[PDB]
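The residues making up each chain are set out below.
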Amino acid sequence: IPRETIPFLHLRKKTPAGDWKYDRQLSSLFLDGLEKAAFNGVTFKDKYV
Amino acid sequence: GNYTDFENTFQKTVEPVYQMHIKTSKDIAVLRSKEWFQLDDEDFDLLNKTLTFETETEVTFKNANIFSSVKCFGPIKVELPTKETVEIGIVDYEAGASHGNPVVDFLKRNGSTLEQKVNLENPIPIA
Amino acid sequence: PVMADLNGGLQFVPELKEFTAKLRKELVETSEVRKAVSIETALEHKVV
């Protein structure tokens, strides 16, 4: 993820002002789980939806 | 008979030991209101302590109902972590023409005795 | 469109729910201790 660049898929975080900004860290975590899902795939065993 | 001998009339009991568990901060704030609750160390922390009041009350009379002089006094003890007791206070209530001992009236309501009788549901005839 | 902020700085007091709740605590606490001391001083004067 290049600096100064917001990815296309990203999570946000609520600032003390009340607004929701791009958060580098949260967004990283999400995109890594999304990378693993693309390679290994995701299980939903025991998930009730 | 008919006695009007109030000069030579008195009451000099040793009251039953009364204990208070100080749980809250509006229990400690009440005890600090009372003139008669002298502590040796005024800053002493009472919270979650078990105080026992070993109290005796001299009382002289002027009439059938009104007391000439009331006097309640005795050590205030705290139960330590080890369950040995230590003196950390004195009761020192003195009065003139009174209708009551407030110290014992306080400890009855806001405290308890060491033993508590509990009645069976039904009295059992023995014989 | 005009958006008028007639809120006098409450934006900036953070965790206003739990703040406001702490303030009500401190008034009640104080009122209750004071009212409990006042009840006992009446009883322990009524008795004398």
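Definitions and limits used
- Residues numbered from 1 in each chain as written, not as in the entry; some residues may be left out.
- Chains lettered and ligands numbered in written order.
- Part of a larger assembly, values for the part shown.
- Heavy atoms only, no water.
- Contact = heavy atoms within 4.5 Å.
- Buried area = accessible area lost by both parts, 1.4 Å probe.
- Salt bridge = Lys/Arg side-chain N within 4 Å of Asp/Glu carboxyl O.
- Polar contact = N/O pair within 3.5 Å; in protein donor to acceptor, adjacent residues only side chain to side chain.
- Helix = DSSP H or I, 4+ residues; strand = E, 2+ residues; numbered from the N terminus.
- Nonpolar A, V, L, I, M, F, W, Y, C, P; charged D, E, K, R; others polar.
- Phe/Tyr/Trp six-rings, centres within 6.5 Å; stacked < 30°, edge-to-face > 60°.
- Buried < 20%, exposed > 50% of the residue type's maximum accessible area, 1.4 Å probe, protein only.
- Patch = residues over 30% accessible without salt bridge, like charges linked within 9 Å, V, L, I, M, F, W, Y side chains within 5 Å.
- Areas by Shrake-Rupley, 256 points an atom, 1.4 Å probe, with all protein chains shown as cover.
- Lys, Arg positive; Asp, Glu negative; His and termini not counted.
- Charge placed at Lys NZ, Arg CZ, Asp CG, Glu CD.

At the interface, 19 residues of chain B touch 10 residues of chain C. In total, chain B and chain C occlude about 1,000 Å² of area from one another, counting both sides; carbon and sulfur atoms represent 58% of this. Across the chain B-chain C interface, the total number found is 2 salt bridges. Between the two partners, chain B and chain C, sit 6 residue pairs in polar contact. Secondary structure elements with two or more residues in the side of chain B that touches chain C: helix 1 (28–31) and helix 2 (102–110) of chain B. Per element, the largest residue contribution to the side of chain B that touches chain C is 6 residues, and it comes from helix 2 of chain B. The residue makeup of the side of chain B that touches chain C, split by class, is 8 nonpolar, 7 polar and 4 charged.

Our focus in this paragraph is the side chain of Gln19 of chain B. Among the structural elements, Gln19 of chain B can be located in strand 2 (residues 18–22). Setting aside anything within four residues of it in sequence, one finds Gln19 of chain B in contact with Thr50, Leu51, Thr52, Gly111, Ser112, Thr113 and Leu114 of chain B.

Residues and elements named next belong to chain B. Applying the stated criterion across every chain, the model contains 4 aromatic pairs over all chains. Each ring, one from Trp36 and one from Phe37, has its centre 6.4 Å from the other, and the planes form 70°; the classification is edge-to-face. You can call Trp36 buried: its relative accessible area is 4%. Since its relative accessible area comes to 6%, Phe37 is described here as buried.

Let us look at a negative patch on the surface. A surface patch of negative charge is lined by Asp40, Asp41, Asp43 and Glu87 of chain B. Looking at the element boundaries, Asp41 of chain B is found in the loop between strand 3 (37–39) and strand 4 (49–53).

Let us now look at the side chain of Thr52 of chain B. All names here are of chain B. Locating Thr52 in the fold gives a position in strand 4. For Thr52, a relative accessible area of 10% puts it in the buried group. Setting aside residues no more than four positions away along its own chain, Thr52 makes contact with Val17, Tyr18, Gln19, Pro75, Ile76 and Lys77.

To continue, consider a nonpolar patch on the surface. Residue and element names in this part refer to chain A. Taken together, the side chains of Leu9, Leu11, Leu26, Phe30 and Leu34 make up a nonpolar region of the molecular surface, amounting to roughly 370 Å² of accessible area. By secondary structure assignment, the location of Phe30 is in helix 1 (residues 24–39). A relative accessible area of 30% places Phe30 in the partly exposed class.

With that settled, consider unusual backbone geometry. All names here are of chain B. Positive phi values are uncommon outside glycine, yet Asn48 reaches one of about 65°. Take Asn48: it is sitting in the loop between strand 3 and strand 4. The backbone of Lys83 shows a phi angle near 75°, a positive value even though the residue is not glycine. For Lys83, the position within the fold is in the loop between strand 6 (67–79) and strand 7 (85–95). The class for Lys83 is exposed, based on a relative accessible area of 64%.

A few words on the pattern of salt bridges. Per the counting criterion, the structure on display carries 6 salt bridges over all chains. Two residues, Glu54 of chain B and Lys77 of chain B, come together in a salt bridge whose shortest N-O distance is 2.9 Å. Taken together, the residues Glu54 of chain B in the loop between strand 4 and strand 5 (56–61) and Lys77 of chain B in strand 6 connect sequence positions 23 residues apart. Given a relative accessible area of 27%, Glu54 of chain B falls into the partly exposed group. A salt bridge links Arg109 of chain B to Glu44 of chain C, with the shortest nitrogen-to-oxygen separation between them at 3.5 Å. Linking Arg109 of chain B in helix 2 with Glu44 of chain C in helix 1 (residues 16–46), this pair reaches from one chain into another.

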